[PDB]
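A.B. asks: Quick one: structure below, then a few questions.
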Amino acid sequence: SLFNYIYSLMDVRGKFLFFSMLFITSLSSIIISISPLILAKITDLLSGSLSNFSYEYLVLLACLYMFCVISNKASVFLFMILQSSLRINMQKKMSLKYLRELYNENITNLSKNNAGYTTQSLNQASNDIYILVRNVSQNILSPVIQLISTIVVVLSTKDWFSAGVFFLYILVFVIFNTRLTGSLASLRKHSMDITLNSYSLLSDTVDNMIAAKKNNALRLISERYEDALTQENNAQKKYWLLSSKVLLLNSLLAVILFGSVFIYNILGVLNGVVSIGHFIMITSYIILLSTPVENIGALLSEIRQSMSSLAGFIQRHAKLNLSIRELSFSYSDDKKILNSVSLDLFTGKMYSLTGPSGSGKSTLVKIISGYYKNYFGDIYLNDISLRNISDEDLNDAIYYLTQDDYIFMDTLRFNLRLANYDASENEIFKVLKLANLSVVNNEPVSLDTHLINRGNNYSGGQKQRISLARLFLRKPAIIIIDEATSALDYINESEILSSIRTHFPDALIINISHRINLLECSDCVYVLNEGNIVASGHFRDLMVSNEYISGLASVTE
Amino acid sequence: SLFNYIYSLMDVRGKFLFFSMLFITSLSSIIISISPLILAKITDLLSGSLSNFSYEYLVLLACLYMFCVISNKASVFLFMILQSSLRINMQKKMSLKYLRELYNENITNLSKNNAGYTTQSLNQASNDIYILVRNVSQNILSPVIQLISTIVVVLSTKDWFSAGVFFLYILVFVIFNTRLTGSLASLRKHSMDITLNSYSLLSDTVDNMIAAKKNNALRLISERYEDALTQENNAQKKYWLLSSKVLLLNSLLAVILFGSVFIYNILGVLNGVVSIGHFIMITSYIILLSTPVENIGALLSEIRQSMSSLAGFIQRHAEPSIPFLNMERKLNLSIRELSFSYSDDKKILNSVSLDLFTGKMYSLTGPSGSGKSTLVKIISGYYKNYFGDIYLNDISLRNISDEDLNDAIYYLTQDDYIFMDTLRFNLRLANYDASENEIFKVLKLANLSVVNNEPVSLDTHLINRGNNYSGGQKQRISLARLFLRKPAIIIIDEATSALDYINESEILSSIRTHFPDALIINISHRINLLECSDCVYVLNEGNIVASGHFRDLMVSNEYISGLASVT
Ligand SMILES: Nc1ncnc2c1ncn2[C@@H]1O[C@H](COP(=O)(O)OP(=O)(O)NP(=O)(O)O)[C@@H](O)[C@H]1O
Ligand SMILES: Nc1ncnc2c1ncn2[C@@H]1O[C@H](COP(=O)(O)OP(=O)(O)NP(=O)(O)O)[C@@H](O)[C@H]1O
Ligand SMILES: [Mg+2]
Ligand SMILES: [Mg+2]
């Protein structure tokens, strides 16, 4: 499942580059596994006679050893060039898949993480893929070829002690390291998660740096980050201590077992039972074997470490008449936000909704917008349930102007093209007049105006006008205005709301406001209090009967 | 400049670990540079003698070669363990320095770049320090010892051709690689900057993902990112192609010059002019020299690459107050001919003259372009590049420190800045030494003591941008922060807009009662807030068009007449 995802990230070019890395590393392993027999033939030849044909043969063997070294050094440079070229090839498809994965996630899941967390999650996952790609193509065929060749030729020389101890080392190595690889993977995954938590805390402090600066308390903001970095260091030191203990125990086992083979051949050469050519062949195999053993040690650890951390990443990723009947909602089971709210709204009519901050005006309208789907009750559109409507169809029929502004760090043209991609440059400027954003500071507005992070190069009211302009480019049946014109003066506010009603005449408009101006101009007003509709009717009728609406009208005087 | 900054990042433990890495790498280089002489002596002892060589001396030499190999393999493992331990040691001090560097920057410089850019900037800079630490500890003493040793012993054997060509190789290598290292550093820095630009665009799409989702246009958001990644790939391929061309030219030079030395000693051994012991010593030197040459090639490139990219980071982030000034209890604001521009193209505020006094509530209004927020941001000390003068009790704003100004003036911003932490953390931002009972008293003052008919716990975790609380409930957190501070001037820039008439009027009354001797400046487009004030100021197109009582301005002023038409 996880390997399938990695194989899908590479294109036709990526497949070739991956198999070229696997081929080059396998071919190099065959060539270098011949080297110790060449040294053995050089060594014995030196002890013997030194005829004309013995010097010519020595020179030939010296060239073969040189070719063996050159082939291995050219293969590590070719693996490097192909590996980096494959990194470039895979990263574009990996990043685009991640962005499209985030687009398909629900609002609740999106809001629980952080951008700094999100960008660093891609960094950790992309690294794990790079690690896994390297370990297959490089640490599979290459070490097996070299370990098999070593045992085969040492068995051929009838040296049962060397071939036996060499086999014994691989057998103990694989058993011991796989018995501890699970502990290394857990400690590394736990460290990487704390690392993500440290990035979210840094990202959070930088986004609210203006608030931290004006309230001072550099002590408070830095202590929070210092405690996150201390948790990060302790988790890193735990992994460091275990991995270094494994490296030292694996090194100590190598000097005992391979050292025993070295002393056995030393005593063999002294007593006259073993030849110098065979002794040099054995010592050169001890040195040769270190590289494949290092690759097996990395293969076992990096596959269990990167597979564990990449498993966590994949898991994390995995004419309209509105009729709301007995709608009940809770964010957490502990506390009830909306209880049995029953409404019946009709096309072409402008409705108003008000109440205190805890009543749940935004929640109710977010459920109509399809932000949250875990609700008890029924919401219909022309006798069609919201549950039976797709998110794409609901986004076309209903347009929700959020309480908070979401301005993209790009041109004004990009911010308006978010509402409609096929919009002509003349059509976008027509929408600017409708949003009263055609002229700013007695100079015309250009669509190429670059807007900085959070659109803070524009005033609060000017940001609201960008969001209102996006509405004019869409074609909805239901329009929801959740305190979207609060930072506008009475002139701009009334001018834009009239433009919404004229351009969208057959539109069900739901307006959330705490001001008399917006409540008076509506067909019907609904008072939501502690999650339930306490009062309903015309604004003038509510002024007398309802206490909350009455007190709102007396603020004008 | 740069190296001093890196040396300061290491503590007493970091200094030891760094010099241990430098020592272990240098010691190992001496030991391994002996190895080709041991092989020469093995070869000579066997060569010629028909098994009449001393076996005891052969065994001793075989053990010395084995020790030389083991010492070198133990040194790379010790370097690894010390390097990773030094990475852990240095990263905490590096990250804390970066956060405190960002705190001391001005608002204009912080608004230039997104948090995704900020987090990735630390990633790039921390990597560059790691690279530079490795090159100075492992790529300086180790290759010089090995290159000097090789030339010295080959000169000792009177082999002027091998010693000459080996010197020729190093001389051509250093000249050719340093003549291209400038091109590599430029291409890599340009690639790393495009990488930061890609991270800012991803971070920007995720922060506005809800807006992208509800408007659809996955096409638009993905195409923006696809074009950023294509710019990233093209910049990477440019560097890849040049570095691989350098590697192939350096490799081809090595097979020509070191191949010439190999053939010369081959013909020397065939003709009988050179010994086999000397031939093996020369070939083993050819093999040995690859590792130091690789380290010199890395030293030249990685210092010019990492120093170039780390210079940009230091430049962007790195680039007269009264000592222990005692601010008065009661402060009067005197703004004389204040003029301000964000960019030289247009004037935002022109010659605005005000005189506000302690204990009095003033109102400020006008259109969106007039600059109410900008004017009050300048009083708050957001921007310092202004023409004119602003005084506090005949003390210039320029002569007041940022910490003293933040104590005397509290500015309630138009936008809410809620920290992703507990409610206690969000309120302790205003005062660190606040008692748990004192913080709950402030919650009543902000009408945030009870929510949803249940008492508020100070341990309530607030999510990203505090979006687990309503828009009005977020404003109450900001208002609660005011009650924990002790200011002389309070500025309310549309800070109660998302509150109903009950909460709004209840909180504003609580502000005036708790801070009686406070100069209050209120920005609003609503009649409710303008009527309740001692004096109203109309700002239009960057200048004060009208000043006086609300009733006097109601008739005369055009802007306030447009507001009065509600009923
Ligand atoms: N994401 C969330 N998780 C948990 N509780 C939430 C969340 N969003 C809102 N609430 C709570 O739900 C209640 C209603 O929130 P909301 O619907 O935003 O308020 P509102 O009635 O629109 N008020 P206002 O926007 O301030 O004018 C409050 O008690 C909030 O704290
Ligand atoms: N950072 C900035 N860079 C450039 N122009 C800016 C910046 N901030 C504000 N402006 C412009 O300066 C003018 C005044 O901005 P600002 O001080 O926020 O407005 P305001 O008078 O508070 N209006 P409003 O908040 O909408 O009721 C407008 O033309 C803005 O576009
Ligand atoms: Mg709301
Ligand atoms: Mg403003």
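Ordering of the structure tokens sets the chain letters (A, B, ...), residue numbers begin anew at 1 in every chain, and ligands are numbered from 1 in the order given.
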How would you report the residues lying within 9 Å of ligand 1, as a VMD selection string, if you count only C-alpha atoms and all ligand atoms?
C.D. replies: (chain A and resid 108 111 330 to 332 335 to 338 354 to 366 403 482 to 483 512 to 514 528 to 531) or (chain B and resid 451 to 452 462 to 463 466 to 475 498 to 500)
A.B. asks: Could you save those same residues with N, CA and C atoms as a tab-separated table (two decimals), in the first residue's frame?
C.D. replies:
```
chain	number	residue	atom	x	y	z
A	108	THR	N	-13.29	20.80	9.84
A	108	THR	CA	-12.89	20.44	11.20
A	108	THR	C	-11.46	19.92	11.25
A	111	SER	N	-8.83	22.75	10.42
A	111	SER	CA	-8.66	23.77	11.47
A	111	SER	C	-7.84	23.29	12.66
A	330	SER	N	-23.86	20.05	18.00
A	330	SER	CA	-22.86	20.15	19.05
A	330	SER	C	-21.48	20.04	18.41
A	331	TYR	N	-20.51	20.86	18.85
A	331	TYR	CA	-19.14	20.76	18.37
A	331	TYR	C	-18.42	19.58	19.06
A	332	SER	N	-18.60	19.49	20.39
A	332	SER	CA	-18.23	18.37	21.26
A	332	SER	C	-19.50	17.89	21.98
A	335	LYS	N	-21.37	19.86	25.20
A	335	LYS	CA	-22.17	21.10	25.18
A	335	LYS	C	-22.97	21.27	23.88
A	336	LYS	N	-24.24	21.68	24.02
A	336	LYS	CA	-25.22	21.79	22.94
A	336	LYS	C	-25.21	23.23	22.43
A	337	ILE	N	-24.98	23.42	21.12
A	337	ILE	CA	-24.93	24.75	20.52
A	337	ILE	C	-26.28	25.13	19.91
A	338	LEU	N	-26.91	24.22	19.15
A	338	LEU	CA	-28.20	24.49	18.52
A	338	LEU	C	-29.17	23.38	18.90
A	354	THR	N	-30.35	37.48	14.52
A	354	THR	CA	-29.60	38.17	15.58
A	354	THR	C	-29.66	37.39	16.90
A	355	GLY	N	-28.85	37.80	17.87
A	355	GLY	CA	-28.79	37.24	19.20
A	355	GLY	C	-27.43	37.49	19.81
A	356	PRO	N	-27.21	37.03	21.06
A	356	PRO	CA	-25.89	37.23	21.68
A	356	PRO	C	-24.78	36.41	21.00
A	357	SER	N	-23.52	36.54	21.46
A	357	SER	CA	-22.38	35.87	20.81
A	357	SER	C	-22.37	34.35	20.97
A	358	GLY	N	-22.97	33.84	22.05
A	358	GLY	CA	-23.00	32.41	22.31
A	358	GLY	C	-24.21	31.67	21.75
A	359	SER	N	-25.16	32.39	21.12
A	359	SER	CA	-26.38	31.81	20.59
A	359	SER	C	-26.15	30.84	19.43
A	360	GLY	N	-25.22	31.18	18.53
A	360	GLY	CA	-24.87	30.28	17.44
A	360	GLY	C	-25.47	30.63	16.08
A	361	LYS	N	-25.34	31.90	15.68
A	361	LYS	CA	-25.80	32.37	14.39
A	361	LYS	C	-24.86	31.81	13.30
A	362	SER	N	-23.54	31.97	13.50
A	362	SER	CA	-22.51	31.50	12.59
A	362	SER	C	-22.52	29.98	12.44
A	363	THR	N	-22.69	29.24	13.56
A	363	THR	CA	-22.77	27.78	13.53
A	363	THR	C	-23.92	27.30	12.62
A	364	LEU	N	-25.12	27.86	12.85
A	364	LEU	CA	-26.34	27.54	12.11
A	364	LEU	C	-26.13	27.75	10.61
A	365	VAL	N	-25.54	28.89	10.25
A	365	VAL	CA	-25.31	29.23	8.85
A	365	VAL	C	-24.17	28.41	8.24
A	366	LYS	N	-23.18	27.98	9.05
A	366	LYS	CA	-22.09	27.12	8.61
A	366	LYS	C	-22.64	25.73	8.26
A	403	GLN	N	-17.57	35.70	8.45
A	403	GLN	CA	-17.37	36.75	9.44
A	403	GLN	C	-15.95	37.29	9.34
A	482	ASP	N	-22.77	37.07	6.91
A	482	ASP	CA	-22.48	36.94	8.33
A	482	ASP	C	-21.54	38.06	8.78
A	483	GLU	N	-22.11	39.21	9.18
A	483	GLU	CA	-21.40	40.41	9.63
A	483	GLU	C	-20.29	40.84	8.66
A	512	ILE	N	-26.82	38.29	9.10
A	512	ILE	CA	-26.49	38.24	10.52
A	512	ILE	C	-25.92	39.61	10.88
A	513	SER	N	-26.58	40.32	11.82
A	513	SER	CA	-26.15	41.66	12.26
A	513	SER	C	-26.62	41.99	13.68
A	514	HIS	N	-25.87	42.85	14.38
A	514	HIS	CA	-26.24	43.39	15.69
A	514	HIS	C	-26.75	44.84	15.59
A	528	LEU	N	-32.25	34.46	17.84
A	528	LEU	CA	-31.67	33.21	18.33
A	528	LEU	C	-31.05	33.49	19.70
A	529	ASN	N	-31.47	32.74	20.72
A	529	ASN	CA	-30.94	32.90	22.06
A	529	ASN	C	-30.67	31.52	22.66
A	530	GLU	N	-29.42	31.30	23.13
A	530	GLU	CA	-28.91	30.06	23.72
A	530	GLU	C	-29.23	28.82	22.89
A	531	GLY	N	-29.06	28.97	21.58
A	531	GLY	CA	-29.25	27.89	20.63
A	531	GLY	C	-30.66	27.64	20.13
B	451	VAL	N	-19.97	31.22	29.46
B	451	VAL	CA	-20.27	31.01	28.05
B	451	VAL	C	-21.13	29.75	27.95
B	452	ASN	N	-22.25	29.81	27.19
B	452	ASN	CA	-23.15	28.69	26.92
B	452	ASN	C	-23.79	28.16	28.22
B	462	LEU	N	-7.56	27.01	22.91
B	462	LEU	CA	-8.03	27.74	21.74
B	462	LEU	C	-7.23	27.30	20.52
B	463	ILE	N	-7.94	26.92	19.45
B	463	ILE	CA	-7.34	26.40	18.22
B	463	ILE	C	-6.72	27.53	17.39
B	466	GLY	N	-7.87	31.23	17.01
B	466	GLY	CA	-8.98	31.14	17.95
B	466	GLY	C	-10.34	30.88	17.32
B	467	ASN	N	-10.45	30.05	16.27
B	467	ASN	CA	-11.72	29.83	15.57
B	467	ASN	C	-12.60	28.76	16.25
B	468	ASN	N	-12.31	28.37	17.52
B	468	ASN	CA	-13.25	27.61	18.35
B	468	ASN	C	-14.11	28.51	19.25
B	469	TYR	N	-13.96	29.85	19.10
B	469	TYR	CA	-14.70	30.92	19.75
B	469	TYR	C	-15.30	31.80	18.65
B	470	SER	N	-16.48	32.40	18.94
B	470	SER	CA	-17.16	33.29	17.99
B	470	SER	C	-16.40	34.60	17.80
B	471	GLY	N	-16.74	35.34	16.73
B	471	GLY	CA	-16.04	36.58	16.40
B	471	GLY	C	-16.07	37.61	17.54
B	472	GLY	N	-17.23	37.73	18.21
B	472	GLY	CA	-17.39	38.58	19.37
B	472	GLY	C	-16.63	38.08	20.59
B	473	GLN	N	-16.61	36.75	20.79
B	473	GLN	CA	-15.86	36.11	21.87
B	473	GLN	C	-14.34	36.30	21.73
B	474	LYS	N	-13.84	36.38	20.49
B	474	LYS	CA	-12.44	36.69	20.23
B	474	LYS	C	-12.11	38.13	20.62
B	475	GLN	N	-13.01	39.08	20.30
B	475	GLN	CA	-12.87	40.49	20.68
B	475	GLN	C	-12.83	40.66	22.20
B	498	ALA	N	-18.24	43.17	16.54
B	498	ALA	CA	-18.95	41.89	16.61
B	498	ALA	C	-19.65	41.62	17.95
B	499	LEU	N	-19.79	42.62	18.86
B	499	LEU	CA	-20.57	42.51	20.10
B	499	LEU	C	-21.97	43.13	19.91
B	500	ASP	N	-23.00	42.55	20.56
B	500	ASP	CA	-24.35	43.13	20.61
B	500	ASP	C	-24.38	44.35	21.54
```
A.B. asks: Using only C-alpha atoms and all ligand atoms, determine which residues fall within 6 Å of ligand 4, then list them as a list in words.
C.D. replies: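 Selection of residues at most 6 Å from ligand 4: residues 459 and 460 of chain A; 372 and 373 of chain B.
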A.B. asks: Compare A:443, A:448, A:294, A:383 by their minimum atom-to-atom distance to residue A:414, counting only C-alpha atoms, and give me the closest one.
C.D. replies: A:448
A.B. asks: If we count only C-alpha atoms, which residues of chain A reach to within 6 Å of chain B? Please list them as JSON, numbers by chain.
C.D. replies: {"A": [46, 47, 48, 115, 116, 203, 208, 214, 215, 229, 357, 358, 395, 406, 419, 441, 489, 490, 514]}
A.B. asks: Please run DSSP on the backbone and report, as JSON, numbers by chain, all residues within stretch 132-375 of chain A that come out as strand (DSSP E or B).
C.D. replies: {"A": [322, 323, 324, 325, 326, 327, 328, 329, 338, 339, 340, 341, 342, 343, 344, 350, 351, 352, 353, 354]}
